[PDB]
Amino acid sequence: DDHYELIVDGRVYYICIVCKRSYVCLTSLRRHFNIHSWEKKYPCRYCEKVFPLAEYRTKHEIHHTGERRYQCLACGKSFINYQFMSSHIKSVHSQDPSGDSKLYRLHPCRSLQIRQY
């Protein structure tokens, strides 16, 4: 009982018992619920900040290494995260990387070990 279910128009939703946020996926509810329970801790390996989600920790750790995984394909400049990449492409090249063309490249993470695609 970390949740209850709402069903509307046949659509099933999962509701956090603590903050009442709704989720389409039970996986999302559980991932989210750690924020309340802190059953799992995700400590930074370079400082000792601790995160409630594994992905928050990983994004943070990349800031420590300084790796620049995001590369603008228009001019070659590289950026540490999606937001800097996107902002660059929008302001400098007047294009939207969420459009129908691929304007950037996401290099593999090499400054540390995360699972790979």
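So that there is no doubt, residue numbering starts at 1 and follows the sequence shown.
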Mean C-alpha temperature factor, higher of 63 to 71 and 24 to 32: 24 to 32
Stretch exceeding the other in mean C-alpha B-factor - 104 to 112, 12 to 20: 12 to 20
Most elevated Cα B-factor in the entry, residues 90, 77, 57, 40: 40
Entry-reported Cα temperature factor of residue 85, expressed as the chain third it lands in: lowest
